[PDB]
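Dropping start09.txt in here (compact mmCIF, C-alpha atoms):
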# COMPACT_ATOMS: atom_id res chain seq x y z
CA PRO V 1 -31.67 -4.66 -59.58
CA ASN V 2 -32.32 -6.19 -56.14
CA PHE V 3 -33.27 -9.63 -57.43
CA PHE V 4 -29.94 -11.46 -57.28
CA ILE V 5 -29.90 -11.46 -53.48
CA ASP V 6 -32.68 -14.03 -53.15
CA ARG V 7 -31.39 -16.61 -55.63
CA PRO V 8 -27.58 -16.98 -55.59
CA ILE V 9 -27.71 -19.93 -58.00
CA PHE V 10 -28.89 -17.71 -60.85
CA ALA V 11 -25.92 -15.40 -60.34
CA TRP V 12 -23.49 -18.31 -60.06
CA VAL V 13 -24.79 -19.75 -63.33
CA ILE V 14 -24.35 -16.44 -65.13
CA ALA V 15 -20.79 -16.14 -63.84
CA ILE V 16 -19.85 -19.68 -64.86
CA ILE V 17 -21.49 -19.35 -68.28
CA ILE V 18 -19.41 -16.26 -69.05
CA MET V 19 -16.32 -17.99 -67.69
CA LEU V 20 -17.06 -21.00 -69.88
CA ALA V 21 -17.52 -18.78 -72.92
CA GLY V 22 -14.14 -17.15 -72.34
CA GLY V 23 -11.99 -20.21 -71.75
CA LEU V 24 -13.53 -21.95 -74.75
CA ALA V 25 -12.47 -19.09 -77.00
CA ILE V 26 -9.15 -18.51 -75.24
CA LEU V 27 -7.58 -21.41 -77.13
CA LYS V 28 -8.96 -20.45 -80.53
CA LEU V 29 -7.65 -16.92 -81.01
CA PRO V 30 -4.28 -16.33 -82.71
CA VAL V 31 -1.25 -14.98 -80.87
CA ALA V 32 0.97 -12.25 -82.27
CA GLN V 33 3.35 -9.59 -81.01
CA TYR V 34 1.39 -6.79 -82.68
CA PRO V 35 -1.79 -6.51 -84.71
CA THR V 36 -1.63 -5.38 -88.34
CA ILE V 37 -0.52 -1.75 -88.06
CA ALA V 38 1.82 -1.08 -90.95
CA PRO V 39 0.35 0.62 -94.03
CA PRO V 40 0.03 -1.75 -96.99
CA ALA V 41 2.32 -1.29 -99.98
CA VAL V 42 2.54 -2.35 -103.63
CA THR V 43 5.69 -2.69 -105.73
CA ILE V 44 6.15 -2.48 -109.51
CA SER V 45 9.34 -4.12 -110.76
CA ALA V 46 10.58 -3.72 -114.32
CA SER V 47 13.83 -4.37 -116.23
CA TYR V 48 15.98 -3.02 -119.13
CA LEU Z 1 -4.16 -2.12 -66.93
CA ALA Z 2 -7.66 -3.27 -65.99
CA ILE Z 3 -6.90 -5.57 -63.05
CA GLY Z 4 -6.73 -2.56 -60.74
CA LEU Z 5 -9.87 -1.07 -62.26
CA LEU Z 6 -12.20 -4.05 -62.54
CA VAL Z 7 -12.21 -4.68 -58.80
CA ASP Z 8 -13.13 -1.08 -58.02
CA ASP Z 9 -16.89 -1.61 -58.15
CA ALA Z 10 -16.60 -4.95 -56.36
CA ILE Z 11 -14.44 -3.36 -53.65
CA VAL Z 12 -16.90 -0.49 -53.31
CA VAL Z 13 -20.00 -2.63 -52.79
CA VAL Z 14 -18.23 -4.86 -50.26
CA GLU Z 15 -16.89 -1.93 -48.26
CA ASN Z 16 -20.35 -0.38 -48.06
CA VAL Z 17 -22.00 -3.58 -46.82
CA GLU Z 18 -19.55 -4.02 -43.94
CA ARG Z 19 -19.61 -0.28 -43.17
CA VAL Z 20 -23.40 -0.38 -43.06
CA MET Z 21 -23.35 -3.41 -40.77
CA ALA Z 22 -20.52 -2.53 -38.37
CA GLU Z 23 -21.80 0.99 -37.77
CA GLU Z 24 -25.40 -0.19 -37.43
CA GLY Z 25 -25.59 -3.86 -36.47
CA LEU Z 26 -27.55 -5.65 -39.17
CA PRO Z 27 -27.29 -9.20 -40.57
CA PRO Z 28 -25.35 -9.65 -43.87
CA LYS Z 29 -28.47 -10.52 -45.88
CA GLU Z 30 -30.35 -7.56 -44.40
CA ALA Z 31 -27.30 -5.31 -44.74
CA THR Z 32 -26.60 -5.72 -48.45
CA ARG Z 33 -30.23 -5.07 -49.36
CA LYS Z 34 -29.80 -1.76 -47.55
CA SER Z 35 -26.41 -0.83 -48.98
CA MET Z 36 -27.40 -1.53 -52.58
CA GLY Z 37 -29.84 1.35 -52.53
CA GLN Z 38 -27.24 3.93 -51.55
CA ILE Z 39 -24.47 3.50 -54.12
CA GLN Z 40 -26.19 2.47 -57.35
CA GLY Z 41 -25.32 5.91 -58.66
CA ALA Z 42 -21.71 5.63 -57.53
CA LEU Z 43 -21.12 2.23 -59.14
CA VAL Z 44 -23.26 3.24 -62.14
CA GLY Z 45 -20.99 6.24 -62.69
CA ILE Z 46 -17.45 4.97 -62.16
CA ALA Z 47 -17.84 2.42 -64.95
CA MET Z 48 -19.48 5.01 -67.18
CA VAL Z 49 -16.91 7.77 -66.66
CA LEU Z 50 -13.97 5.35 -66.77
CA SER Z 51 -15.00 3.68 -70.05
CA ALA Z 52 -16.19 6.86 -71.78
CA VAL Z 53 -12.73 8.36 -72.31
CA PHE Z 54 -11.60 5.19 -74.10
CA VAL Z 55 -14.37 5.21 -76.73
CA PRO Z 56 -13.43 8.41 -78.59
CA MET Z 57 -9.97 7.17 -79.52
CA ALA Z 58 -11.30 4.07 -81.27
CA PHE Z 59 -12.07 6.23 -84.32
CA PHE Z 60 -8.65 7.74 -85.00
CA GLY Z 61 -6.41 7.03 -87.96
CA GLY Z 62 -3.00 5.84 -89.01
CA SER Z 63 -0.94 3.18 -87.33
CA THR Z 64 -1.48 5.10 -84.10
CA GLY Z 65 -5.23 4.52 -84.28
CA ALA Z 66 -4.65 0.85 -84.94
CA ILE Z 67 -2.61 0.76 -81.74
CA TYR Z 68 -5.33 2.66 -79.86
CA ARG Z 69 -8.15 0.25 -80.71
CA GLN Z 70 -6.35 -2.59 -78.94
CA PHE Z 71 -6.56 -0.76 -75.62
CA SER Z 72 -10.01 0.58 -76.42
CA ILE Z 73 -11.80 -2.74 -76.92
CA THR Z 74 -10.10 -4.32 -73.92
CA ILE Z 75 -10.72 -1.61 -71.35
CA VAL Z 76 -14.28 -0.88 -72.48
CA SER Z 77 -15.36 -4.52 -72.41
CA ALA Z 78 -13.67 -4.94 -69.04
CA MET Z 79 -15.62 -2.01 -67.58
CA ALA Z 80 -18.95 -3.25 -68.91
CA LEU Z 81 -18.33 -6.74 -67.56
CA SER Z 82 -17.16 -5.25 -64.27
CA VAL Z 83 -20.42 -3.33 -63.92
CA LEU Z 84 -22.52 -6.44 -64.45
CA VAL Z 85 -20.46 -8.66 -62.14
CA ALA Z 86 -20.48 -6.14 -59.28
CA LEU Z 87 -24.20 -5.55 -59.76
CA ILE Z 88 -25.38 -9.11 -60.32
CA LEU Z 89 -22.97 -11.50 -58.62
CA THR Z 90 -21.34 -9.35 -55.93
CA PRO Z 91 -24.59 -8.90 -53.97
CA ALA Z 92 -25.18 -12.66 -53.84
CA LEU Z 93 -21.68 -13.39 -52.54
CA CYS Z 94 -22.17 -10.66 -49.94
CA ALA Z 95 -25.47 -12.18 -48.82
CA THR Z 96 -24.00 -15.63 -48.22
CA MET Z 97 -20.29 -15.53 -47.36
CA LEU Z 98 -20.06 -12.25 -45.45
CA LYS Z 99 -20.45 -13.42 -41.85
CA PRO Z 100 -21.99 -11.19 -39.16
CA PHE Z 101 -0.20 -7.04 -35.91
CA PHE Z 102 -3.60 -6.17 -37.38
CA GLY Z 103 -4.50 -4.18 -34.27
CA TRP Z 104 -1.95 -1.49 -35.12
CA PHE Z 105 -3.69 -0.25 -38.27
CA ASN Z 106 -7.35 0.44 -37.57
CA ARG Z 107 -6.48 2.97 -34.87
CA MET Z 108 -3.76 4.38 -37.10
CA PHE Z 109 -6.22 4.66 -39.99
CA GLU Z 110 -8.85 6.10 -37.64
CA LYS Z 111 -6.35 8.69 -36.41
CA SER Z 112 -5.50 9.60 -40.00
CA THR Z 113 -9.18 9.59 -40.95
CA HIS Z 114 -9.85 12.04 -38.14
CA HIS Z 115 -6.82 14.26 -38.65
CA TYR Z 116 -7.68 14.51 -42.35
CA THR Z 117 -11.28 15.47 -41.60
CA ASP Z 118 -9.98 18.17 -39.27
CA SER Z 119 -7.57 19.43 -41.94
CA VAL Z 120 -10.40 19.59 -44.48
CA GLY Z 121 -12.35 21.57 -41.90
CA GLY Z 122 -9.36 23.90 -41.62
CA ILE Z 123 -9.42 24.40 -45.39
CA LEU Z 124 -13.07 25.23 -46.09
CA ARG Z 125 -12.81 28.85 -44.92
CA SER Z 126 -9.82 30.11 -46.89
CA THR Z 127 -10.69 29.05 -50.43
CA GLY Z 128 -9.03 32.15 -51.87
CA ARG Z 129 -5.68 31.12 -50.42
CA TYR Z 130 -6.14 27.60 -51.78
CA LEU Z 131 -7.10 28.93 -55.21
CA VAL Z 132 -3.80 30.56 -56.16
CA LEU Z 133 -1.93 27.48 -54.95
CA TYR Z 134 -3.95 25.30 -57.32
CA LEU Z 135 -3.33 27.74 -60.17
CA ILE Z 136 0.43 27.42 -59.73
CA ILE Z 137 0.15 23.65 -60.17
CA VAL Z 138 -1.56 24.13 -63.53
CA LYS R 1 -24.72 16.09 -53.62
CA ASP R 2 -26.95 13.10 -52.90
CA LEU R 3 -26.66 13.74 -49.17
CA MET R 4 -27.69 17.37 -49.64
CA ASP R 5 -30.59 16.58 -51.97
CA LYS R 6 -32.10 13.44 -50.43
CA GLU R 7 -31.13 14.24 -46.84
CA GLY R 8 -31.83 17.94 -46.35
CA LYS R 9 -28.42 18.89 -44.99
CA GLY R 10 -26.07 21.86 -45.14
CA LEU R 11 -23.50 22.39 -47.85
CA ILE R 12 -20.36 22.24 -45.69
CA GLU R 13 -21.92 19.74 -43.28
CA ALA R 14 -22.71 17.27 -46.07
CA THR R 15 -19.31 17.89 -47.64
CA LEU R 16 -17.50 16.96 -44.43
CA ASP R 17 -19.80 13.99 -43.84
CA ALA R 18 -19.25 12.59 -47.34
CA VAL R 19 -15.49 13.12 -47.37
CA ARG R 20 -15.25 11.31 -44.03
CA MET R 21 -17.32 8.28 -45.08
CA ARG R 22 -15.76 7.92 -48.54
CA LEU R 23 -12.09 7.65 -47.57
CA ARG R 24 -11.72 3.92 -47.01
CA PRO R 25 -13.07 3.18 -50.53
CA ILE R 26 -10.84 5.79 -52.20
CA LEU R 27 -7.66 4.55 -50.56
CA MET R 28 -8.60 0.92 -51.16
CA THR R 29 -9.40 1.39 -54.85
CA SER R 30 -6.31 3.55 -55.30
CA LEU R 31 -3.87 1.07 -53.75
CA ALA R 32 -5.59 -1.75 -55.63
CA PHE R 33 -4.49 0.08 -58.78
CA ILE R 34 -1.09 1.59 -57.93
CA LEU R 35 0.01 -1.78 -56.56
CA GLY R 36 -1.08 -3.57 -59.73
CA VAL R 37 1.16 -1.64 -62.10
CA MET R 38 4.47 -2.10 -60.29
CA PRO R 39 5.03 -5.42 -62.13
CA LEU R 40 5.10 -3.23 -65.26
CA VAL R 41 7.31 -0.49 -63.82
CA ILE R 42 10.00 -2.48 -61.99
CA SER R 43 10.19 -4.99 -64.85
CA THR R 44 13.40 -5.59 -66.77
CA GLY R 45 14.66 -7.81 -69.57
CA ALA R 46 13.00 -9.30 -72.68
CA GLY R 47 10.90 -6.48 -74.04
CA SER R 48 10.61 -4.17 -71.06
CA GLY R 49 10.63 -0.79 -72.76
CA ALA R 50 6.99 -1.29 -73.60
CA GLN R 51 6.03 -2.22 -70.05
CA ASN R 52 7.98 0.61 -68.43
CA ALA R 53 6.56 3.13 -70.86
CA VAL R 54 3.00 1.91 -70.29
CA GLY R 55 3.15 1.67 -66.52
CA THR R 56 5.36 4.47 -65.24
CA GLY R 57 3.00 7.25 -66.30
CA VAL R 58 -0.12 5.78 -64.72
CA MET R 59 1.70 4.91 -61.49
CA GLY R 60 2.64 8.53 -60.87
CA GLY R 61 -0.67 9.81 -62.17
CA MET R 62 -2.58 7.68 -59.70
CA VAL R 63 -0.33 8.58 -56.78
CA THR R 64 -0.85 12.28 -57.40
CA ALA R 65 -4.55 12.04 -58.22
CA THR R 66 -5.14 10.14 -54.99
CA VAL R 67 -3.05 12.34 -52.69
CA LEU R 68 -4.28 15.67 -54.06
CA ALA R 69 -7.91 14.96 -54.94
CA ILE R 70 -8.95 14.23 -51.37
CA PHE R 71 -7.55 17.64 -50.39
CA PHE R 72 -8.75 19.71 -53.35
CA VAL R 73 -12.12 18.38 -54.53
CA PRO R 74 -14.17 19.70 -51.56
CA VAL R 75 -12.73 23.14 -52.33
CA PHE R 76 -14.03 23.41 -55.89
CA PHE R 77 -17.11 21.56 -54.88
CA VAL R 78 -18.20 24.13 -52.31
CA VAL R 79 -17.04 27.16 -54.28
CA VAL R 80 -18.59 25.92 -57.51
CA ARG R 81 -21.90 24.94 -55.90
CA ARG R 82 -21.91 28.33 -54.19
CA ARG R 83 -21.15 30.55 -57.21
CA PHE R 84 -22.51 28.60 -60.24
CA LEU Y 1 9.97 -47.58 -98.84
CA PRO Y 2 12.38 -47.44 -101.83
CA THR Y 3 15.10 -44.86 -102.58
CA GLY Y 4 13.82 -41.28 -102.40
CA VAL Y 5 10.04 -41.10 -102.76
CA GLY Y 6 7.37 -39.33 -100.73
CA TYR Y 7 3.76 -39.57 -99.61
CA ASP Y 8 1.00 -36.98 -100.10
CA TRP Y 9 -2.75 -37.14 -99.61
CA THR Y 10 -5.05 -34.94 -101.69
CA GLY Y 11 -8.70 -34.27 -102.48
CA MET Y 12 -10.91 -35.98 -99.92
CA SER Y 13 -7.90 -37.56 -98.21
CA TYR Y 14 -6.25 -34.19 -97.57
CA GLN Y 15 -9.50 -32.58 -96.47
CA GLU Y 16 -10.81 -35.15 -93.99
CA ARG Y 17 -7.37 -35.58 -92.40
CA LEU Y 18 -6.77 -31.91 -91.61
CA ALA Y 19 -17.27 -33.91 -82.18
CA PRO Y 20 -17.33 -34.81 -78.45
CA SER Y 21 -15.37 -31.66 -77.61
CA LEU Y 22 -18.37 -29.56 -78.63
CA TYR Y 23 -20.85 -32.17 -77.41
CA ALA Y 24 -19.56 -32.39 -73.85
CA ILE Y 25 -19.78 -28.62 -73.50
CA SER Y 26 -23.41 -28.68 -74.60
CA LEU Y 27 -24.40 -31.12 -71.87
CA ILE Y 28 -22.61 -29.07 -69.23
CA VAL Y 29 -24.27 -25.81 -70.23
CA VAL Y 30 -27.78 -27.28 -70.16
CA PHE Y 31 -27.24 -28.43 -66.59
CA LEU Y 32 -26.21 -24.91 -65.64
CA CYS Y 33 -29.13 -23.55 -67.64
CA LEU Y 34 -31.47 -25.83 -65.72
CA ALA Y 35 -29.78 -25.20 -62.38
CA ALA Y 36 -30.43 -21.48 -62.72
CA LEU Y 37 -34.07 -22.21 -63.59
CA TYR Y 38 -34.74 -24.47 -60.60
CA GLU Y 39 -32.15 -23.46 -57.95
CA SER Y 40 -31.49 -26.83 -56.37
CA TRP Y 41 -28.15 -28.36 -57.57
CA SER Y 42 -29.91 -31.76 -57.88
CA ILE Y 43 -33.20 -30.75 -59.50
CA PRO Y 44 -31.31 -30.31 -62.81
CA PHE Y 45 -30.27 -34.00 -62.70

What is this structure when it is put down as structure tokens?
Amino acid sequence: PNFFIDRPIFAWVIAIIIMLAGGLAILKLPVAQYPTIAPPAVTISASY
Amino acid sequence: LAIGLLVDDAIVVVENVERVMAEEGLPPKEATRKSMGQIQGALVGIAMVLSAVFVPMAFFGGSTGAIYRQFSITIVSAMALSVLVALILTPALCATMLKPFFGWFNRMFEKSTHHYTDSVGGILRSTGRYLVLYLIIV
Amino acid sequence: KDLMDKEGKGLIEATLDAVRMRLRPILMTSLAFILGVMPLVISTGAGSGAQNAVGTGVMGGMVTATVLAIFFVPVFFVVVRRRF
Amino acid sequence: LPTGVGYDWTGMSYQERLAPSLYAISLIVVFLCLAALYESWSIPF
């Protein structure tokens, strides 16, 4: 509650830590236009 | 769609501090400590009500539900992080940085803030007439 | 409601007092939203059907919900808190 | 290089091919972890 008004450093550290944990994983995630949203299918091919 | 929703809490706590210091005359450090007791419910509600309508759609089905989850995770995490930030870091910034053509705005806003209060006063006596009007809208 | 409960004030008096003090935040947080979705609405070229579809609805919804709420919510606050 | 031949590494050669990046981020986070503990921006040093 009212405990982050006496020690700014603590708050700054928490903000940077989260910012450092976001930029470190921002260059590890894949990039795509869409997620996987089409229903999967299976095909059976034969011949005669 | 969360950039104009993640600053809400931060913009609310900052407005209160300066409104509690300009209309009273207290130092920034002594102002914030006073304003943070008055709006904990407000800031602890906006984030709750705004991120509670995005949770129920995370459990739907089809390709539509797969589209929905992408918004759901993003907005909900943004609201939770916004709550923390504006309730852990915002206060600090306010108790350190906030010091103790622009002219034509405040008066304008004040005039509109007053005229609107008067109009609301002129509306809290004829609720029956303002009930049918609302019905039409629906 | 807080001002009535933890302030011992009248219904209409507290309503007017709250609606007067909570108008700068509403306008500020409304313009900070409505002005953040124009890049989606006025966009054009290279996959802009998605952005227009996403943004146009919320732009109008916020405009209306910010210009009508401040005039209607005291009404069905006082009448509701008076009739249950 | 002769006519039309190619190169290809396999087994251990293909694995190893395909440290300080995760070690420099561990020394920066401990300083921030210490800073928060002590609140001095020099005490952590």

Should the cut-off be 9 Å, what would the residue list for chain R against chain Z look like, counting all atoms listed in the file, as a ChimeraX atom specification?
/R:12,16-17,19-20,23-26,28-37,54-55,70-72,74-76,78-79

If you count all atoms listed in the file, the residue of V:17, V:34, V:25, V:41 closest to chain Z turns out to be V:34

Would you mind listing, for every residue of chain V within 8 Å of chain Z, the two atoms forming the shortest contact and the distance between them in Å to one decimal, using only C-alpha atoms, sorted by chain and ascending residue number, as JSON lines?
{"residue": "V:1", "atom": "CA", "partner": "Z:87", "partner_atom": "CA", "distance": 7.5}
{"residue": "V:2", "atom": "CA", "partner": "Z:33", "partner_atom": "CA", "distance": 7.2}
{"residue": "V:4", "atom": "CA", "partner": "Z:88", "partner_atom": "CA", "distance": 6.0}
{"residue": "V:5", "atom": "CA", "partner": "Z:92", "partner_atom": "CA", "distance": 4.9}
{"residue": "V:6", "atom": "CA", "partner": "Z:92", "partner_atom": "CA", "distance": 7.7}
{"residue": "V:7", "atom": "CA", "partner": "Z:92", "partner_atom": "CA", "distance": 7.6}
{"residue": "V:8", "atom": "CA", "partner": "Z:92", "partner_atom": "CA", "distance": 5.2}
{"residue": "V:11", "atom": "CA", "partner": "Z:89", "partner_atom": "CA", "distance": 5.2}
{"residue": "V:12", "atom": "CA", "partner": "Z:89", "partner_atom": "CA", "distance": 7.0}
{"residue": "V:15", "atom": "CA", "partner": "Z:89", "partner_atom": "CA", "distance": 7.3}
{"residue": "V:35", "atom": "CA", "partner": "Z:67", "partner_atom": "CA", "distance": 7.9}
{"residue": "V:36", "atom": "CA", "partner": "Z:66", "partner_atom": "CA", "distance": 7.7}
{"residue": "V:37", "atom": "CA", "partner": "Z:63", "partner_atom": "CA", "distance": 5.0}
{"residue": "V:38", "atom": "CA", "partner": "Z:63", "partner_atom": "CA", "distance": 6.2}
{"residue": "V:39", "atom": "CA", "partner": "Z:63", "partner_atom": "CA", "distance": 7.3}

- Task: Figure out the distance between CA of residue 44 (chain Y) and CA of residue 99 (chain Z), please, to one decimal in Å.
- Result: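 Computing the Euclidean distance for CA of residue 99 (chain Z) and CA of residue 44 (chain Y) yields 29.0 Å.
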
Interatomic distance (Å, one decimal) between CA of residue 73 (chain Z) and CA of residue 41 (chain R)
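Going from CA of residue 73 (chain Z) over to CA of residue 41 (chain R), I get 23.3 Å.
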
Within 7 Å of chain Y: residues of chain V, using all atoms listed in the file, as number ranges by chain | V: 9-10, 13
